[PDB]
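Every residue, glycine as well, gets a Cβ built from its backbone with ideal geometry; the counts of neighbours run over all protein chains shown. Read-outs throughout are calculated quantities, based only on the coordinates presented, and are distinct from any laboratory measurement.
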Protein chains: 2
Amino acid sequence: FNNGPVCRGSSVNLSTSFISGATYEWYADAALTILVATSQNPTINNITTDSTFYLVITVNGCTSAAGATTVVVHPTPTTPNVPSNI
Amino acid sequence: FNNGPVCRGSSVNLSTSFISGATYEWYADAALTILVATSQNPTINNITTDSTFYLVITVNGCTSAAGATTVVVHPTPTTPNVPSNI
């Protein structure tokens, strides 16, 4: 689970349930090659574009299929309307 | 894992996963000669240049190969543009 829409440049508090006997590993890559965190509820910083995360749980030596979420970054609001030169 | 880019002169909150039965040792030297901390999540102060840290875990008397991270210090921002003498 993500922390809702993320304003561009901000942070994500990712979260999972607690599994006894588990080691948690988080990956940026779907191929599980790029590791971003090793904790139950990591914080990922500077998210500017939509990006996904993969979660692998190792329990008593065996590994689960990666779970996953999607972090959606709100749109950049409209440039405001200001009068012509004075 | 480091705490992101570190503004020159500031601090780093280093972190690792938790290992039952482990003693944690952190080293500044790659040769594991200079010891900076003995804790799971130490704070290292006054980092001014890019510098690396090595992590050794001792479990039930046996020692792991050191893991490692890199602390990258942001650039010093540009000196601002101010008008000529008035």
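Results, tabulated for the structure shown:
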item	result
For chain B, alpha-carbon Rg and Dmax in angstrom	17.6, 72
Inter-copy separations for A:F1, label at 7 Å along Cα-Cβ, nm, ascending	1.9
Chain B: most fluctuating residue of B:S20, B:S39, B:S11 per GNM, C-alpha cutoff 10 Å	B:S20
Debye-sum result for the protein assembly as shown in log10 I(q)/I(0), which assumes one identical scatterer on each alpha carbon, at q = 0.10 Å⁻¹	-0.55
For B:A22, label point 7 Å along C-beta direction: distances to other copies, nm	1.8
Nm distances between copies for B:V36, ranked from closest, using label points 7 Å along Cα→Cβ	2.5
Closest approach to the axis - chain A beta-carbon, rotation onto B, Å	A:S20, 14
Most fluctuating residue given options B:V73, B:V36, B:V59, as computed from a GNM of chain B linking Cα atoms under 10 Å	B:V59
Cα coordinate range in region A:5-47, projected on the principal axes (Å, largest first)	36, 22, 13
Residue-wise HN-Hα coupling along region A:5-10, computed from phi with Karplus coefficients 6.51, -1.76, 1.60 (Hz; x: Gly, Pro)	x, 10, 5, 3, x, 8
Built amide H within the under 5 Å cut-off of A:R8, gap 5+	A:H74
